[PDB]
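Peer 1: Residue numbers (this note's numbering), protein chains in the order written: chain A, 3 to 124; chain B, 8 to 105; chain C, 5 to 244; chain D, 1137 to 1211; chain E, 20 to 96; chain F, 4 to 247.
Ideal Cβ placement from N, Cα and C applies to all residues, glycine included.
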Amino acid sequence: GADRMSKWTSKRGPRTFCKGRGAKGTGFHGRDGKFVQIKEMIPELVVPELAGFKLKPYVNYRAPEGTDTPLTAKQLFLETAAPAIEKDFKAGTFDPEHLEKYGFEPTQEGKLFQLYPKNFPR
Amino acid sequence: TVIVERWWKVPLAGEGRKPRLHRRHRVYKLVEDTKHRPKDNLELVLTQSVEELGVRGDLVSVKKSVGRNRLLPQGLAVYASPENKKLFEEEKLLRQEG
Amino acid sequence: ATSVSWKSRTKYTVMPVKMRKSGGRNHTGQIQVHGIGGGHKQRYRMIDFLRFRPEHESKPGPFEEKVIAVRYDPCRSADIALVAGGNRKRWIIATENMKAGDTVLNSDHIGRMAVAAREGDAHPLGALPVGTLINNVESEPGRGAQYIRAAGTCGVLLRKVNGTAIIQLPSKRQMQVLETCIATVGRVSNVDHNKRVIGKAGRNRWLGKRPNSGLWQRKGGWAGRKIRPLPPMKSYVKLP
Amino acid sequence: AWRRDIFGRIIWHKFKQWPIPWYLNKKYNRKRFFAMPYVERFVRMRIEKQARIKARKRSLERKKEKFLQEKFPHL
Amino acid sequence: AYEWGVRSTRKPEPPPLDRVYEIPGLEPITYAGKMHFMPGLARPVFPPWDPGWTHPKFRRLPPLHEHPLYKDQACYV
Amino acid sequence: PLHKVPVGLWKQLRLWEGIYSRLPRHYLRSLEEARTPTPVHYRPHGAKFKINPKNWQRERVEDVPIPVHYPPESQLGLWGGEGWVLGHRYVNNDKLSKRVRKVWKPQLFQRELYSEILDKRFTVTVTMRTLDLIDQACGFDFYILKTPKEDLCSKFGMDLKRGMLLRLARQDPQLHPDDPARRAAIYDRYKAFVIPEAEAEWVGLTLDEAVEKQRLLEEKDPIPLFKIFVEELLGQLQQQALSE
RNA sequence: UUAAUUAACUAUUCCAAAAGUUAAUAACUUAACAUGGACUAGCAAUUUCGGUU
RNA sequence: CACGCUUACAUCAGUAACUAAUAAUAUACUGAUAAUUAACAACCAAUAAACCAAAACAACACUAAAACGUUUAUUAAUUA
RNA sequence: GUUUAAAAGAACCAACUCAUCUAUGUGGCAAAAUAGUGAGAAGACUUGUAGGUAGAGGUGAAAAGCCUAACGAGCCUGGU
RNA sequence: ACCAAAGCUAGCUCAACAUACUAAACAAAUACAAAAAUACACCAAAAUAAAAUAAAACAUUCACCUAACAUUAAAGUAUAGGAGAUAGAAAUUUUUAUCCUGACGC
Ligand SMILES: [Mg+2]
Ligand SMILES: [Mg+2]
Ligand SMILES: [Mg+2]
Ligand SMILES: [Mg+2]
Ligand SMILES: [Mg+2]
Ligand SMILES: [Mg+2]
Ligand SMILES: [Mg+2]
Ligand SMILES: [Mg+2]
Ligand SMILES: [Mg+2]
Ligand SMILES: [Mg+2]
Ligand SMILES: [Mg+2]
Ligand SMILES: [Mg+2]
Ligand SMILES: [Mg+2]
Ligand SMILES: [Mg+2]
Ligand SMILES: [Mg+2]
Ligand SMILES: [Mg+2]
Ligand SMILES: [Mg+2]
Ligand SMILES: [Mg+2]
Ligand SMILES: [Mg+2]
Ligand SMILES: [Mg+2]
Ligand SMILES: [Mg+2]
Ligand SMILES: [Mg+2]
Ligand SMILES: [Mg+2]
Ligand SMILES: [Mg+2]
Ligand SMILES: [Mg+2]
Ligand SMILES: [Mg+2]
Ligand SMILES: [Mg+2]
Ligand SMILES: [Mg+2]
Ligand SMILES: [Mg+2]
Ligand SMILES: [Mg+2]
Ligand SMILES: [Mg+2]
Ligand SMILES: [Mg+2]
Ligand SMILES: [Mg+2]
Ligand SMILES: [Mg+2]
Ligand SMILES: [Mg+2]
Ligand SMILES: [Mg+2]
Ligand SMILES: [Mg+2]
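#1: Expressed to the nearest angstrom, what Euclidean distance is found between the alpha-carbon atoms of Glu-61 of chain C and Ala-120 of chain C?
#2: Per DSSP, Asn-139 of chain C is paired with what?
#3: Is there a Cβ of chain D sitting closer than 7 Å to that of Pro-74 of chain F, yes or no?
#4: Okay, do the stretch 95 to 108 of chain A and the stretch 228 to 242 of chain C touch, 3+ Cβ pairs below 8 Å being the bar?
#5: Closest to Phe-52 of chain F by C-alpha separation, out of F:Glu-62, F:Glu-247, F:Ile-226, F:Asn-58, would be which residue?
#6: Check each candidate in B:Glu-59, B:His-29, B:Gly-74 and name the one with the smallest Cα separation from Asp-47 of chain B.
#7: Residues in the same chain with beta-carbon distance under 7 Å from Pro-63 of chain E, minus the five sequence neighbours each way, listed in chain order, please.
#8: Can you tell me the Cα-Cα spacing of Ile-171 of chain C and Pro-145 of chain C, whole angstroms?
#9: Under 7 Å between beta-carbons, which chain A residues line up against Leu-240 of chain F? List them in chain order, please.
#10: List, in order along the chain, the chain D residues whose C-beta lies closer than 7 Å to that of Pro-58 of chain E?
#11: Under DSSP, the beta strand (DSSP E) around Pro-128 of chain C begins and ends at which residues?
#12: When you compare only the Cα positions, how much space is there between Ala-20 of chain E and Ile-51 of chain C?
#13: Of all the residues that make up the stretch 77 to 100 of chain F, which are near chain B by a beta-carbon distance shorter than 9 Å?
#14: May I have the straight-line CA-CA distance separating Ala-169 of chain C from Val-94 of chain F, to the nearest angstrom?
#15: At a CB distance below 9 Å, what residues from the stretch 207 to 238 of chain F approach chain E? Give them in sequence order.
#16: Just by C-beta distance, which residues in the stretch 35 to 48 of chain E are closer than 8 Å to chain F?
#17: Output needed for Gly-89 of chain C: all residues of its chain with C-beta closer than 6 Å, excluding positions within five of it in sequence on either side, in chain order.
#18: Can you tell me the Cα-Cα spacing of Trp-10 of chain C and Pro-227 of chain F, whole angstroms?
#19: Based on the DSSP secondary-structure assignment, which residues constitute the bridge partners of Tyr-60 of chain A?
#20: I need the straight-line Cα distance from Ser-27 of chain E to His-31 of chain C, nearest angstrom please.
#21: Between the C-alpha atoms of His-55 of chain E and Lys-98 of chain F, what's the straight-line distance to the nearest angstrom?
#22: At what residues does the beta strand (DSSP E) containing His-29 of chain F begin and finish?
#23: Under a Cβ-count criterion, where at least 16 other Cβ atoms within 10 Å of its own Cβ denotes burial, should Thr-99 of chain C be classed as buried or exposed?
#24: Give the C-beta separation of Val-189 of chain C and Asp-125 of chain C to the nearest angstrom, bearing in mind that I take them to be a contact with Cβ-Cβ under 8 Å.
#25: Would you kindly report the start and end of the unbroken alpha helix (DSSP H) that includes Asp-154 of chain F?
#26: In angstroms with no decimal places, state the Cα-to-Cα distance between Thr-133 of chain F and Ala-203 of chain F.
#27: Mind listing the chain E neighbours of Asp-162 of chain F? Cutoff is C-beta to C-beta under 8 Å, in chain order.
#28: Rounding to the nearest angstrom, what Cα-Cα distance links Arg-57 of chain C and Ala-187 of chain C in this structure?
#29: In terms of alpha-carbon separation, which member of C:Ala-85, C:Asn-216, C:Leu-161, C:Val-181 lies closest to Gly-105 of chain C?
#30: Would you list the one or two residues that DSSP bridges to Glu-62 of chain F?
#31: Quick check on the burial criterion: 16 or more other C-beta atoms within 10 angstroms. Buried or exposed for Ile-152 of chain C?
#32: Do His-72 of chain F and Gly-90 of chain F have their beta-carbon atoms positioned less than 7 Å apart in this structure?
#33: If you draw a straight line from the alpha carbon of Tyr-193 of chain F to that of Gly-207 of chain F, how long is it in whole angstroms?
#34: If distances are taken between C-alpha atoms only, which option among A:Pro-72, A:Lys-41, A:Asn-62 comes closest to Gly-27 of chain A?
#35: Report the residue from A:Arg-64, A:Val-38, A:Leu-57 whose alpha carbon sits nearest the alpha carbon of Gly-29 of chain A.
#36: Between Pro-4 of chain F and chain D, is there a C-beta pair that is closer than 7 Å?
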């Protein structure tokens, strides 16, 4: 009999069984049977300029570490919006209906990189 | 409607418990078939003047067939309930005086 | 698994369509009729049995068509004939002497005078003489010729009473129908079909007939020459 | 979404990106997120198996504690 | 006449609507909120899907009369 | 090992915990009670005690309901609380003869019944017992509103009852927009069954439908933590402003 | 199977149920289904093959 | 080559013992390291209309009546 | 391939398909084989792939044959 | 003298209590021929338990037989049964909260 514990890959089947190995698709099938590759589907690697970047893969051994303080939503809010909203309330122009000036986003569907749908891979 | 009766006696259960049934309690005898008994007659109160039964405002005993397929769907008559009979009583009382 | 039928074709066409045979198997997959399967590959030629069928509804009068070719059909024992009239052609069941280059009439008009019955002509039963040989007769007006179609077989018109025609089928049974039922005149083609001789047991396999079972079965009471009287006349007129 | 597959288990079904709604997808429609009446017995069997596993693990831990207390009489 | 379509091969008719859709002034409780079929709940009726943005390949074929070159008189080509 | 709670109480525990607890209390108390339906196929005896004809002694007799099977086609119509009687029987009515399985089925009929409150003629598969109960209640709507769930045994009947109860509780003008007097006359004769709206939309619902309705009611989107933090900051600022 | 008890299912027939029709309580019909009780057959179900010799 | 088995294939090294129904050593044992690179093959348009006229060197025929196709019109993301 | 105006359920005989007779083998190469010898060999022919009919059954050119090496009715689990 | 022999542990078993009952992992892929990102649908179904066995055979019958009401009595009583094998209640009665949980079990 055949084997059941081994993985069922494309190498173990007939000619008509061609299963992918996990890569993402990059296009579709055109008119004359060929493959039309879409340049918007291929990932564009955004590489920065490492010329004047003074940072190495390792750090100094004598450099001190820090206590583990995982960044939280409350800490991020206190760092980015608490001073602005506090100053606005002290000045007396606070508007509870409009919070877009402090960084809040009502709907994610407007901008490019939304957070809940996660339109960006990485 | 078929009416069946158990051949075997079921033991008692007096504390409100469900009776302990057996395979032998599924054996039924057909003691009566209601569809074969002589069917009763339906009493209806006329709301219009039909040719066969009579004038509007009387109670007539007709067979369930005509009572269900002719008089009731076409609004030619209504049931003999007390709430529907008080209306015809007051109508007759208003008609006799005028 | 449940199989699908090959007859999924709504559009009528003259070109032969491919058909998937099935040997006695129903849509479940079990044998329902024994002795069927393993014949020759065949195509299906769609036959138009409603003879009186005008092209457009604007002119519903009688029409004449021309015979192009009388061809062989493996599906039925008769011969088919291509007839063209107007902008469309159609397959019909050719009569005994229908050849290429003939004219066929298709009429639905009934008159007080009987018409001269040719072969390819198709008139209602109420317009044919009292002793006319017919085929491809109908049960109801506009239903289609379910009755006589086999090669060489033909029925006979007996009488017309109260606007209803009585015919006699090849089974010597009487069939009463309305007089407005269209019927084709004459005998069906291939009159020598019964005289054919299967030369060997392989021709039956070519036709698609599997051999009979080898089990010996003792005859019961059903066997024997049962001389039964002729059954009553089958009437299709709906009397109110 | 917290779904219940045909095997009676409670799974966390993640959502995939589709160009058509859910009621028009053939591959998605022939999926079943519910359990038939014949899966309750298997669910109860799983429950009982896990209960027995936990019970024998607790008994093992108790026996090990007792054995260690008897071997080291430092009390 | 003789219709050339076989019922077992033709497109089967949609199933009859649930009995809860014949009650006037009553909302049906369907499985449209869970995004999957579930027995015991009513069958939700959905309007024809509107792809607000059109797609060339994955759109329905436009009819013949919609074409600007469509004419009433039949031409024999 | 053993289970702490018996298996017979597992469904009760699941109904007590989870989202089933947030269901309305009137619906829950309607679902808990299991009233004995009316005898349709078995004929009960009147008194609770009976004198044995052979023993000449008084003995306590009880009524055991005969199991009746309701096929899934019965939920689309009104069979009058009956169904298929699956059982056994003795051929030739002799005990010492063969025992044979027997399925007694009712005589179904496709009849059209008109409702006054909903104003629609439903083509339903009803039985002679259904028609007799209708004639006894002196009305289709009367029969629907009077016979409870245990006597209807029909999901479609429960849906009809729920619809007409909601209509009576809402005083729907869509009954007769051109006949307000007729609408009022129709609504008056069914005053004995007027149930408030808080309970009129939970009578013809099963457990799955009730859980789905409660989920659709409690389905709320998670509010962003920005709002909560802004509210907290506003509270702290108001406190610091009032403490000076 | 010409053994003893007889089911379900398939073909008959009959009665009841249901739909109705005629006349001043009676008579008559059943397209598709289809319920209850009987009848005749197919397909069949359960069980058995007394002992001395 | 297809179907099927999955590294049993290749290089180096070892075999006292394990596999070869025995040795020599090794494609069949052991360990380490490498390998099979697409042009061949798989995935690779629908909607209507014109279309009866067999394949057998197909000229033309026989019966058992026979798989295998183009053109026209509308839409077919267009970018190694 | 040969004989035939023949692709004639014709003939001789290859590939191929069956298995007539004999001799070995009988814990054997083999839970049905080897060798010689045989029958068909353009057909009711062999055969590849994929699907269907499932045991109160299927299928059967009736041998009560075959239905995963034991079938007068498969095997496994449960009753046990 | 070879072959060999002996450990005491891994762990299991039966109960009590118990939160109240489908453990942990779930980045991506998983009911396309599972672990294959990506296209205009179809989705779902129920209809009694049977027999092996006992009645020394076997035809009516044959406790339990994957449906809660537990315990002390009534009581193996009334009853049901080819009145055979066997089956078998009820009315009415009793039941004091927690720890003291481990093992004349391997
Ligand atoms: Mg294996
Ligand atoms: Mg492959
Ligand atoms: Mg391969
Ligand atoms: Mg390319
Ligand atoms: Mg044929
Ligand atoms: Mg022919
Ligand atoms: Mg014969
Ligand atoms: Mg014979
Ligand atoms: Mg006899
Ligand atoms: Mg028996
Ligand atoms: Mg026997
Ligand atoms: Mg004897
Ligand atoms: Mg003897
Ligand atoms: Mg002797
Ligand atoms: Mg292998
Ligand atoms: Mg060696
Ligand atoms: Mg190696
Ligand atoms: Mg020959
Ligand atoms: Mg040989
Ligand atoms: Mg020799
Ligand atoms: Mg040879
Ligand atoms: Mg030869
Ligand atoms: Mg010969
Ligand atoms: Mg198969
Ligand atoms: Mg048997
Ligand atoms: Mg058989
Ligand atoms: Mg024989
Ligand atoms: Mg024999
Ligand atoms: Mg076997
Ligand atoms: Mg016995
Ligand atoms: Mg014994
Ligand atoms: Mg015996
Ligand atoms: Mg015995
Ligand atoms: Mg038993
Ligand atoms: Mg007695
Ligand atoms: Mg005895
Ligand atoms: Mg008691």
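Peer 2: Per the coordinate set shown:
#1: 27 Å
#2: C:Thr-188
#3: no
#4: no
#5: F:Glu-62
#6: B:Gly-74
#7: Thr-49, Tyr-50, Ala-51
#8: 15 Å
#9: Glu-88, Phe-91
#10: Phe-1170
#11: 126 to 128
#12: 12 Å
#13: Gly-83, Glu-85, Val-88, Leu-89, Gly-90, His-91, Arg-92, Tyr-93, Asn-96, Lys-98
#14: 55 Å
#15: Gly-207, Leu-208, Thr-209, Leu-210, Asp-211, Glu-212, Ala-213, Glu-215, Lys-216, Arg-218, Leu-219, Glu-222
#16: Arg-38, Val-39, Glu-41, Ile-42, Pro-43, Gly-44, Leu-45, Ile-48
#17: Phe-67, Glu-69
#18: 60 Å
#19: None; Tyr-60 of chain A has no bridge partner.
#20: 10 Å
#21: 54 Å
#22: Unbroken run through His-29 of chain F is the alpha helix (DSSP H), 28 to 35; no beta strand (DSSP E).
#23: buried
#24: 6 Å
#25: 152 to 155
#26: 24 Å
#27: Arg-38, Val-39, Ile-42, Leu-45
#28: 13 Å
#29: C:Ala-85
#30: F:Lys-53
#31: buried
#32: no
#33: 18 Å
#34: A:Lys-41
#35: A:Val-38
#36: yes
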